[PDB]
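The next block holds one structure in the form of structure tokens; read it before the comments.
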Amino acid sequence: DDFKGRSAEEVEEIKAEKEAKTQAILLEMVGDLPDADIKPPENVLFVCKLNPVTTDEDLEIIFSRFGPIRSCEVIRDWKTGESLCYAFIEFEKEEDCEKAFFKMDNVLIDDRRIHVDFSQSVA
Amino acid sequence: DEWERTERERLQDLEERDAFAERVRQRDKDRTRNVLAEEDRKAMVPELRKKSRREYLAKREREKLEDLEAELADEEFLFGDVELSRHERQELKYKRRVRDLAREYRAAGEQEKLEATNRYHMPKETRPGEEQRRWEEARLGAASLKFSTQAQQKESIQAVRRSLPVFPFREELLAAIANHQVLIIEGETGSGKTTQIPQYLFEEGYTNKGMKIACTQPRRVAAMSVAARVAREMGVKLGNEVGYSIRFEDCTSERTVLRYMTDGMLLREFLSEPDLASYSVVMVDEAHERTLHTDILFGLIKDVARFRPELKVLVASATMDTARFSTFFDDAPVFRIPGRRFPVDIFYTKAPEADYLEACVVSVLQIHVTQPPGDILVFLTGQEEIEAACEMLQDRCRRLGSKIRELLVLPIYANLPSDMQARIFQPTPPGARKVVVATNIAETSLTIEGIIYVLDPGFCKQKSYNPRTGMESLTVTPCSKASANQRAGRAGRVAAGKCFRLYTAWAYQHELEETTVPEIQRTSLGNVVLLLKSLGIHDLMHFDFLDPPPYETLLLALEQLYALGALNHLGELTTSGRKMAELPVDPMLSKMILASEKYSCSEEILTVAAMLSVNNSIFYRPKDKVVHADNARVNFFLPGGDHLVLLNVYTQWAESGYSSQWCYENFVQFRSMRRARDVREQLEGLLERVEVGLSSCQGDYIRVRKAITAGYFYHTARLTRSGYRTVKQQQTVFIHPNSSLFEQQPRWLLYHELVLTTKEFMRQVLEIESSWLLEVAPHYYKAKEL
Amino acid sequence: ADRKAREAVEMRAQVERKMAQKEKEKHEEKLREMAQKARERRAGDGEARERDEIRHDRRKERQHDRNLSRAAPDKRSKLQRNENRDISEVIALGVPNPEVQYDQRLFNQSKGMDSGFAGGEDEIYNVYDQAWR
Amino acid sequence: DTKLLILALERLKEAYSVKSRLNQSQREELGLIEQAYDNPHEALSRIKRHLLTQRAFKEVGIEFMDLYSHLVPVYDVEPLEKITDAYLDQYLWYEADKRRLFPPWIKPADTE
Amino acid sequence: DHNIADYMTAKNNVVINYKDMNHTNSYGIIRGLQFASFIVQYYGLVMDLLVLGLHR
Amino acid sequence: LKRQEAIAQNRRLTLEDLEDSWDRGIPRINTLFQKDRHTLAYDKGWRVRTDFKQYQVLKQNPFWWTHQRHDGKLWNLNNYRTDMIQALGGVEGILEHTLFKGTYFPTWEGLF
RNA sequence: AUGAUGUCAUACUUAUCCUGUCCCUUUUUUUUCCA
């Protein structure tokens with residue numbers, strides 16, 4: 001023991017470590033990612049709640065405000081092309097990702113209060 | 001026409017509706033306020049990774065859930081048939097084994113959990129229906145002593161298709177309606193009028209120009225049946241091009257040309273698109289069914305018939321209702337289908353009879369004993385009678401032992417448990433006879449193959465609503481000529497049948513009235529009054545009825561609505577009136593729901609509404625487990641009344657996690673519970689529009705009873721020393737035996753039903769304060785009268 | 001002694017727990033092997049068209065599922081699973097066959113819940129169990 | 001619990017099967033059985049209350065049954081507690097046999 | 001449950017009364033209680049264990 | 001075996017499979033089918049319990065070893081009565097000893 | 001030195017009662033930014 005007798009906090013923290021390890025191994029089990037849980041780049045924000053009329057150009061516009069962009073990728077419903085009302089947006093700096101985040105969370109653009117969180121993608 | 005005044009109003013309706021919803025979301029963006037070094041950043045970036053990780057854990061396992069399901073959902077309809085090749089073949093092996101591996105590498109962990117809580121743990125001092133198979137291995141353990149063909153399907157479909165009473169009648173009927181917009185099409189069941197006709201239309205292209213073909217039915221389950229049937233015919237997937245839309249369940253896609261629905265569903269499509277401009281054709285089935293929704297659609301669609309001649313009116317039904325049908329509908333031509341599979345020998349008693357339930361008994365006795373093979377259908381009036389019936393039948397079975405053969409008595413009605421409904425649908429065990437005891441629920445929409453005998457005692461239990469008393473009484477009623485003919489016609493569908501009328505040719509031909517009174521006369525109409533005044537037709541009198549209600553009935557409706565506050569003192573719409581009218585539920589309920597707004601008992605009043613939507617079947621009360629049943633009931637019995645009883649009951653069920661075995665343990669009809677949950681959830685989906693804030697009473701049932709009053713003040717009685725008697729009319733009522741207050745007998749009473757069974761009755765009753773009555777309705781209830 | 005025994009029970013319990021825990025994880029590593037070689041063994045005239053059907057169906061399914069969850073929070077959980085439990089529904093849907101049962105001339109030929117031996121009474125006439133003729 | 005209490009009370013009435021001249025005290029016990037047969041939840045409330053709070057009981061009477069070759073003690077308990085014990089009897093035996101407390105050599109068993 | 005254990009054990013300790021003699025049970029068991037079947041068979045299980053040993 | 005086959009060929013076990021063995025067996029096979037199987041799957045420890053009733057009731061049970069609802073009904077002496085009459089002589093030889101002919105009842109089948 | 005207030009049981013009155021009571025048919029109603 002002593003992976004239990006430390007606190008309650010780090011106890012459930014170890015169990016959350018687990019929950020991660022199991023969900024990862026699980027998602028690789030059902031087979032999505034090639035390499036197991038490689039740490040995600042600090043330089044992309046996943047921005048959902050989006051509009052099918054805001055495009056790569058305009059989103060790269062408004063997120064050109066805080067940092068040098070490397071891209072703006074709204075994933076496309078393939079054979080119809082309609083914007084998925086979310087996006088990935090790609091910065092150069094950690095500071096650029098952060099500075100975009102801490103002003104752009106839950107803001108109203110094109111009359112929709114979109115959400116920004118960092119990228120969870122290992123993709 | 002008045003049609004044009006209507007659509008005038010209704011296009012402005014859609015305009016003001018959209019603008020209203022937009023205004024309200026602007027209101028909410030107003031009400032809602034949402035505004036938004038080094039080591040600080042390197043601190044929370046670990047915490048943003050904390051949440052990224054964990055929300056990603058749920059998100060990744062959720063996406064695993066998606067593609068997980070998708071592998072098998074994909075291999076359902078491609079693989080098991082076709083000559084498919086290396087790539088997707090190998091990947092089927094892959095996705096097969098791989099979702100197995102996921103389930104397995106999680107079943108491992110759960111195995112750890114359960115195995116390691118199997119163990120012994122010193123106690124610590126701190127101040128599914130198988131009770132008859134767990135008593136059938138008690139005995140076997142006590143008594144042990146050891147020391148292509150899809151094309152073939154299509155061929156079969158067409159081959160049966162060809163033999164309908166309509167397949168040879170195919171072309172000329174097509175050309176006929178090509179002539180006449182309104183064509184009345186009289187034909188009996190089994191003709192396929194519901195199925196083959198819309199096919200014919202579609203293959204003839206009335207769906208071209210992107211148009212649709214509507215088929216309306218009075219019953220959800222019948223619509224689902226019909227839709228399954230015709231989608232199988234059309235060789236496509238049910239839901240994409242052939243679809244059915246019923247309350248709570250869409251089964252359509254933007255490929256849908258053939259759209260099936262209810263009569264209230266079509267009225268509500270007029271709540272969407274007054275013109276039905278995407279529908280080229282509406283085929284209304286079985287219009288004889290006499291529902292308020294049928295009798296409203298008739299008027300509305302007749303308006304549309306005069307206004308939209310490129311549009312098509314098809315109204316098919318079962319019986320001789322074509323006289324009034326055409327006559328109201330400007331005497332449309334009537335295309336006759338001859339359709340009746342096999343014959344019935346219809347017998348009469350010698351005489352009139354005194355004891356017709358017993359006569360039922362002894363009839364089926366003789367029939368079973370003497371007859372050749374064949375299943376039997378017998379009618380009764382309803383529940384108590386019907387179980388008494390099976391009582392008698394199975395008792396005589398007990399006495400007559402092996403002298404007779406196996407008599408599968410099966411009762412069937414509307415509220416009895418759904419497993420017990422299904423049980424009749426199994427194929428009969430060889431050599432035994434199956435007799436179904438039924439109510440007029442077995443008139444229609446239930447298809448029991450094998451029934452070769454049919455017995456009618458010639459009755460029914462019809463509701464009768466007198467408005468002069470506000471009283472609707474579900475009482476005995478000799479059933480109509482149309483009834484007896486159709487009850488008989490229920491037979492024969494596979495072979496020669498017999499129909500034993502418990503009454504003579506004399507009474508039959510002579511004292512038989514043709515039709516049940518078209519519903520709108522006999523029923524209470526509060527919500528349909530509410531509806532046509534939600535559509536705004538201010539003159540409610542010269543409106544285009546098929547059969548108007550008595551001016552009496554309408555006057556009562558108007559007073560109802562005004563007193564409740566839906567009407568101004570001149571009879572038009574308040575914001576109260578409209579906001580309640582959007583609700584597909586009675587105005588009394590609606591007033592109570594609005595009262596939750598004032599009393600901050602939102603959730604509780606919501607769940608109450610959800611209960612009164614369906615109550616009539618809540619608690620199963622079997623004879624063979626009466627006491628344990630009364631007990632799992634008496635458990636919840638709360639102080640205050642039946643409504644908060646229901647509240648806690650639902651609360652505890654969902655508390656159990658929507659558990660079915662929960663209601664199974666606690667003697668509750670799962671059907672009632674779960675449909676009530678659905679009606680509450682869609683109520684909540686209405687709740688944003690009706691502008692209700694999601695609130696709890698915080699355990700304050702005083703607010704609850706008060707919102708109940710603010711809704712149901714009309715539905716009240718007081719103590720009199722000569723019994724419990726109304727507040728207004730001082731007509732004399734009684735309490736239902738099964739009331740949570742039935743022995744409490746309160747001084748100031750609220751009810752929800754008003755019937756007069758064997759004596760005057762009232763259901764879903766509660767104890768109130770007369771003071772809340774001067775709180776709520778000092779204009780309707782004055783003090784001196786309390 | 002009761003305290004001492006409580007402690008020894010718990011200590012033996014968590015020892016054995018941890019042993020079986022580690023063994024479970026080893027099992028799981030073998031299953032990790034199973035999955036990797038599973039996709040490996042996988043990767044290497046109807047299938048091409050059924051395959052455009054694969055992505056057609058699955059991808060419009062993702063369309064409808066995303067759009068469900070987007071119009072209503074889980075309208076997927078408000079449509080698709082809730083499609084498939086109620087009975088009249090299933091009967092209309094032609095789903096087939098959705099334990100031993102036997103003849104009813106068998107049942108209820110005796111009724112009662114007490115032994116007939118009257119609970120130790122003797123003076124009552126219960127010898128034979130059929131009236132004489 | 002209503003199955004377990006129905007079994008309890010059937011067992012208790014088996015004493016008075018004949019319905020003789022019994023006495024005051026047996027008349028009163030039969031009254032208790034019938035009212036707890038009618039309202040099976042006032043009963044179970046009472047039972048679980050007893051089981052939770054009571055630890056000082058009334059007194060029991062004794063007497064002997066003479067079998068001519070030896071005597072047998074026969075104990076007479078008060079009807080309220082007789083009902084709470086009848087129930088506890090049934091409950092413990094049901095649970096013990098479901099959890100498999102008694103191994104198979106303990107033998108007045110129900111199987112033979 | 002320590003509640004039921006205490007009810008049973010305190011119910012065996014009563015006052016036992018014949019015509020005019022009274023005493024208090026403190027040592028053995030009243031066999032005329034209704035759970036006394038359970039108590040006798042559980043105790044007999046413990047003594048089966050002393051006779052056979054845990055291994056056999 | 002027949003129960004397995006009734007599951008495999010999915011038939012219903014009919015009266016013809018069980019009229020042959022209908023009171024045979026030990027519990028008895030006709031206990032499988034009694035009315036109250038449902039609440040008697042909850043009566044455990046009934047054998048010990050009838051043993052121990054002897055310290056609770058002042059009377060002595062001669063069938064302490066069994067239970068009619070649970071063990072079936074394990075003896076049938078209905079032909080004892082018939083052969084007793086044929087051995088005493090038949091109803092006519094038997095009522096030459098009684099006051100039957102002095103009642104002027106016309107025949108003895110009705111006597112009650 | 002007799003107030004009303006009462007959840008007081010007992011006593012009492014009307015040739016005042018023991019004969020004035022009980023379980024529902026059928027079924028339908030549009031919906032909205034996900035994150």
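Lettering and numbering for the structure tokens are positional, with chains as A, B, ... in the shown order, residues counted from 1 in each chain, and ligands counted from 1 in the shown order.
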Please check the contacts: residues of chain F at most 6 Å away from chain C, using only C-alpha atoms, listed as number ranges by chain. F: 7, 12-14, 33-36, 61, 67-69, 78
Contacts of segment 38-50 of chain E at 9 Å (only C-alpha atoms (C1' of nucleotides); same-chain gap of 2+ positions) as JSON, numbers by chain: {"D": [89, 92, 93, 101, 102, 103, 106], "E": [8, 29, 31, 34, 35, 36, 52, 53, 54], "F": [45, 48]}
Would you mind exporting N, CA and C atoms of the selected residues as a JSON list (two decimals), in the first residue's frame?
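In the end it all went to selection_31.json:
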[["chain", "number", "residue", "atom", "x", "y", "z"],
["D", 89, "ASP", "N", -37.47, -14.64, 13.00],
["D", 89, "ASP", "CA", -37.19, -16.03, 12.69],
["D", 89, "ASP", "C", -37.17, -16.26, 11.19],
["D", 92, "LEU", "N", -34.27, -14.32, 9.36],
["D", 92, "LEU", "CA", -32.91, -14.83, 9.52],
["D", 92, "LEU", "C", -32.74, -16.10, 8.77],
["D", 93, "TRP", "N", -33.75, -16.94, 8.72],
["D", 93, "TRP", "CA", -33.55, -18.21, 8.05],
["D", 93, "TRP", "C", -33.48, -18.04, 6.55],
["D", 101, "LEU", "N", -25.07, -19.80, 5.04],
["D", 101, "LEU", "CA", -24.37, -19.83, 6.31],
["D", 101, "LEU", "C", -24.10, -21.24, 6.76],
["D", 102, "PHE", "N", -25.09, -22.12, 6.73],
["D", 102, "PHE", "CA", -24.99, -23.42, 7.36],
["D", 102, "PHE", "C", -24.48, -24.44, 6.37],
["D", 103, "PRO", "N", -23.37, -25.10, 6.63],
["D", 103, "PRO", "CA", -22.85, -26.03, 5.69],
["D", 103, "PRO", "C", -23.71, -27.28, 5.68],
["D", 106, "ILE", "N", -25.36, -29.91, 8.69],
["D", 106, "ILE", "CA", -26.23, -29.47, 9.75],
["D", 106, "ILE", "C", -27.61, -29.88, 9.33],
["E", 8, "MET", "N", -31.58, -10.22, 19.94],
["E", 8, "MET", "CA", -31.65, -11.64, 20.27],
["E", 8, "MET", "C", -31.03, -11.91, 21.63],
["E", 29, "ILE", "N", -30.18, -20.49, 27.49],
["E", 29, "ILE", "CA", -31.01, -20.03, 26.39],
["E", 29, "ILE", "C", -32.43, -20.45, 26.66],
["E", 31, "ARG", "N", -35.40, -21.93, 25.15],
["E", 31, "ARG", "CA", -35.64, -22.56, 23.87],
["E", 31, "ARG", "C", -37.03, -22.33, 23.34],
["E", 34, "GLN", "N", -38.62, -17.85, 19.21],
["E", 34, "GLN", "CA", -38.81, -18.36, 17.88],
["E", 34, "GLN", "C", -37.57, -18.32, 17.03],
["E", 35, "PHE", "N", -36.55, -17.56, 17.39],
["E", 35, "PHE", "CA", -35.29, -17.68, 16.67],
["E", 35, "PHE", "C", -34.35, -18.67, 17.32],
["E", 36, "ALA", "N", -34.82, -19.45, 18.27],
["E", 36, "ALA", "CA", -33.88, -20.27, 19.00],
["E", 36, "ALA", "C", -33.42, -21.43, 18.17],
["E", 52, "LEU", "N", -14.19, -30.98, 14.11],
["E", 52, "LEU", "CA", -13.50, -31.38, 12.89],
["E", 52, "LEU", "C", -12.23, -30.61, 12.63],
["E", 53, "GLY", "N", -12.12, -29.40, 13.09],
["E", 53, "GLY", "CA", -10.97, -28.65, 12.66],
["E", 53, "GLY", "C", -11.31, -27.91, 11.40],
["E", 54, "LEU", "N", -10.58, -26.85, 11.12],
["E", 54, "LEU", "CA", -10.95, -26.06, 9.98],
["E", 54, "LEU", "C", -10.56, -26.72, 8.68],
["F", 45, "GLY", "N", -36.06, -23.11, 6.58],
["F", 45, "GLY", "CA", -35.93, -23.55, 7.94],
["F", 45, "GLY", "C", -37.19, -24.10, 8.53],
["F", 48, "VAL", "N", -36.57, -27.54, 10.94],
["F", 48, "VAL", "CA", -36.15, -27.20, 12.29],
["F", 48, "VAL", "C", -37.27, -26.51, 13.02]]
Taking only C-alpha atoms into account and nothing else, which residues of chain B lie no more than 10 Å away from chain E? Please answer as an NGL selection string. :B and (123-127)
Enumerate the residues of chain F with a DSSP assignment of helix (DSSP H, G or I), computed from the backbone, and present them as a ChimeraX atom specification. /F:2-8,15-18,29-31,37-40,46-55,78-88,91-95,99-102
Please, which residues of chain B lie no more than 9 Å from chain D when the count uses only C-alpha atoms, and can they be set out as an MDAnalysis selection string? chainID B and resid 138:139 141:143 627:628 631 634:635
Dump as a PDB file, in the first residue's frame, selection limited to C-alpha atoms:
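What ended up in result-v3.pdb:
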ATOM      1  CA  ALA B 138     -35.398 -25.594  -4.808  1.00  0.00           C
ATOM      2  CA  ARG B 139     -37.335 -28.687  -5.864  1.00  0.00           C
ATOM      3  CA  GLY B 141     -32.056 -29.589  -5.767  1.00  0.00           C
ATOM      4  CA  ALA B 142     -34.102 -31.084  -2.978  1.00  0.00           C
ATOM      5  CA  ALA B 143     -34.888 -33.986  -5.314  1.00  0.00           C
ATOM      6  CA  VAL B 627     -52.325  -7.296  -0.223  1.00  0.00           C
ATOM      7  CA  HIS B 628     -48.684  -6.929  -1.274  1.00  0.00           C
ATOM      8  CA  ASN B 631     -48.816  -2.320   0.275  1.00  0.00           C
ATOM      9  CA  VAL B 634     -49.664   2.446   0.626  1.00  0.00           C
ATOM     10  CA  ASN B 635     -45.913   2.979   1.003  1.00  0.00           C
TER      11      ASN B 635
END
If we count only C-alpha atoms, which residues of chain D reach to within 6 Å of chain C? Please list them as a ChimeraX atom specification. /D:14-15,17
So that I can check the surroundings of residue 94 of chain D, please list as a PDB file with N, CA, C and O atoms, in the first residue's frame every protein, DNA and RNA residue that reaches within 8 Å of it, counting only C-alpha atoms (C1' of nucleotides) and ignoring chain neighbours fewer than 4 positions away.
ATOM      1  N   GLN D  90     -38.279 -15.934  10.536  1.00  0.00           N
ATOM      2  CA  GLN D  90     -38.378 -16.149   9.099  1.00  0.00           C
ATOM      3  C   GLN D  90     -37.281 -15.418   8.365  1.00  0.00           C
ATOM      4  O   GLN D  90     -36.674 -15.958   7.437  1.00  0.00           O
ATOM      5  N   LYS D  98     -29.867 -18.107   1.944  1.00  0.00           N
ATOM      6  CA  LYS D  98     -29.440 -17.522   0.690  1.00  0.00           C
ATOM      7  C   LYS D  98     -27.952 -17.231   0.678  1.00  0.00           C
ATOM      8  O   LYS D  98     -27.290 -17.501  -0.320  1.00  0.00           O
TER       9      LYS D  98
ATOM     10  N   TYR F  42     -40.206 -18.803   0.073  1.00  0.00           N
ATOM     11  CA  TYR F  42     -39.637 -17.899   1.052  1.00  0.00           C
ATOM     12  C   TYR F  42     -39.632 -18.493   2.443  1.00  0.00           C
ATOM     13  O   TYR F  42     -39.239 -17.822   3.388  1.00  0.00           O
ATOM     14  N   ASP F  43     -40.088 -19.720   2.595  1.00  0.00           N
ATOM     15  CA  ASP F  43     -40.212 -20.364   3.890  1.00  0.00           C
ATOM     16  C   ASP F  43     -39.031 -21.295   4.007  1.00  0.00           C
ATOM     17  O   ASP F  43     -39.055 -22.402   3.489  1.00  0.00           O
ATOM     18  N   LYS F  44     -37.978 -20.838   4.649  1.00  0.00           N
ATOM     19  CA  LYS F  44     -36.800 -21.649   4.820  1.00  0.00           C
ATOM     20  C   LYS F  44     -36.583 -21.933   6.289  1.00  0.00           C
ATOM     21  O   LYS F  44     -36.890 -21.109   7.140  1.00  0.00           O
ATOM     22  N   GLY F  45     -36.065 -23.112   6.576  1.00  0.00           N
ATOM     23  CA  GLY F  45     -35.931 -23.553   7.939  1.00  0.00           C
ATOM     24  C   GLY F  45     -37.192 -24.101   8.527  1.00  0.00           C
ATOM     25  O   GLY F  45     -37.335 -24.127   9.748  1.00  0.00           O
TER      26      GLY F  45
END
Would you list which chain G residues are within 10 Å of chain C using only C-alpha atoms (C1' of nucleotides), as a list in words? residues 31, 32, 33, 34 and 35 of chain G
Put those residues in a file: C-alpha atoms (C1' of nucleotides), as a PDB file, in the first residue's frame.
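Saved the output as part12.pdb:
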ATOM      1  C1'   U G  31     -39.316  22.527 -30.960  1.00  0.00           C
ATOM      2  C1'   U G  32     -34.906  24.916 -32.534  1.00  0.00           C
ATOM      3  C1'   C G  33     -27.639  27.701 -31.535  1.00  0.00           C
ATOM      4  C1'   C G  34     -25.379  21.803 -28.562  1.00  0.00           C
ATOM      5  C1'   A G  35     -19.843  21.796 -26.860  1.00  0.00           C
TER       6        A G  35
END
May I have the residues of chain B within 12 Å of chain A, counting only C-alpha atoms, written as a VMD selection string? chain B and resid 25 to 26 29 32 to 38 40 to 42 44 to 71 91 94 to 110
